[PDB]
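Note sheet for the following structure.
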Amino acid sequence: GXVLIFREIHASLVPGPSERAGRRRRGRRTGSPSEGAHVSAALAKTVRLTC
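The sequence shown runs 1, 225 to 273, 51 under the entry's author numbering.
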């Protein structure tokens, strides 16, 4: 699949509950990759489709 993308989806998982607890404001470095991680979420649909 793409274990790293598994990390990407896992990367969106973090901002979900954690952002609302601290990253609410700051985080202009992890928030960005998280967005791409979402796109990675779709690709993930393909990685899963793959292996």
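Positions of the beta carbon are idealized from the N, C-alpha and C atoms, including for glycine.
Close-in-space but distant-in-sequence residues of the same chain around residue i (CB under 6 Å, 5 per side omitted)
i           : result
residue 232 : 264 and 267
residue 273 : 1
Segment limits, alpha helix (DSSP H) that includes residue i
i           : result
residue 269 : 254–273
residue 231 : 226–236
Buried/exposed call for residue i, threshold 16 Cβ in 10 Å
i           : result
residue 244 : exposed
residue 255 : exposed
residue 226 : exposed
Pair within 8 Å by beta-carbon distance, residue i and residue j
i           : j           : result
residue 261 : residue 235 : yes
Cβ neighbours of residue i in the same chain (closer than 8 Å, five flanking residues each side left out)
i           : result
residue 246 : 238, 253 and 254
residue 229 : 267 and 270
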